[PDB]
């Protein structure tokens, strides 16, 4: 018995077709993804295959002005229109709190929403009871397929789930629900969840009874053969994990931003064992046309969003590299732009006096969520900025010891090479790293633009000197494991809204040209 699993993860409010780097589509003839083009590929498959399951492994929430305005109503509407069969809750579905998930998404979704490891205590229990489930048993033809859900254990450290939601260990929560399914003679079990390629491999290995693991969160690109675009595969598709009980368990992911539709065809025997599986993510490129009905529906919704693009903030003569393969691995000019906006807006505050000379900046590269293209004649709109900075935080001012900053720089590359968001973009700092050294002893040079000097210049960081640094409030409060900043700072003040800072800066410069200058080097 064959089943075709179609799957998406980390769409991140990319309802419209986007450029190759998933930023605002300018050249419509070369644009990819979007729910309308996804509809066309799903329909084509459903026409040709009788046993199809369309599944989302989370993080449809957050990413573009679609989310800023509709707060999740666009997720329910366009997922309902695509006829999704099931969706696992991601960390980003709690970005607007529990009420921001319950009221627009859970109560309007037609498909089941799953998570077996989220438990609800207090008065939330009665309200959210049944609005999401640990599993769902689905009829597929004349057979039945069980889907168990999971959600990142780290969600309270990345989102706003509140204090009436406990996030259990994935494996501990999943095993009893998989066992319950097997006692109900549900022999075909998909584990659909949002925890990352690493936890997915672990779930395939340790959770007996699981046949397939469909995942997300790590934005993993898996491919068998020649990749169709710039994404480099982190392994074959499907990735095969040999479980402890000898079974071969396929693990799949479909990159992110609606760019690819994950496609896995599975051949099962009558006892629900996997004989074989094969597939590849389908690159949703311009060859596949956008479904006219979905496009005209997206366009009707798009009328409300057109007042953000209507206002041009400024112009850029350069590509604003806000990608994850640059901003989490090396110096990217988008981190440089954000830090120069942070420092400049603060310095124009002639009302204060304590932070009126701050010239140092640190910025978590994972906080930079999108690049910005320059082929619109340089034109930068609020809509573009909204995708680079969707968390709506502030730019806080902090007083740190040199040893505290040195520890933050060690932390910045302690587990380098995993697309980890803790890699820092700097301003008024020149750091050199030697990755061929033990984690914690990789900073080989660190110079900062001094302040106890009349004519600044980058001078060696002193371990016991005090520095005034501007950074996102997220870092100021210990986010990304930057607990040393929260534990060791000497003063912490709130600043202006991150998007209003960068927006005001660009309008004042009128033409920006951030570049890679040697702020971060490797030895």
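Numbering follows the first chain given and starts at 1.
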- Read off the CA B-factors in the entry, average them over 11 to 19 and over 501 to 509, and name the higher stretch. 501 to 509
- Task: For the higher mean C-alpha B factor in the entry, choose 452 to 460 or 63 to 71.
- Result: 452 to 460
- Item | Given 119, 278, 77, 92, the residue at which the Cα B factor reaches its maximum | 119
- Message: Sorting 216, 402, 112, 258 by Cα temperature factor from the record, which one lands on top?
- Response: 402
- Just say lowest, middle or highest third for the CA B-factor of residue 132 relative to the other modelled residues in its chain. middle
- Going by the entry, which third of its chain does the Cα temperature factor of residue 212 land in? lowest
- Task: Within this chain's modelled residues, let me know which third the CA B factor of residue 319 belongs to: lowest, middle or highest.
- Result: middle
- Message: Could you place residue 326 in the lowest, middle or highest third of its chain by Cα temperature factor, using the values in the record?
- Response: lowest
- Binned into thirds over the chain's modelled residues, the C-alpha B-factor of residue 482 lands in the highest
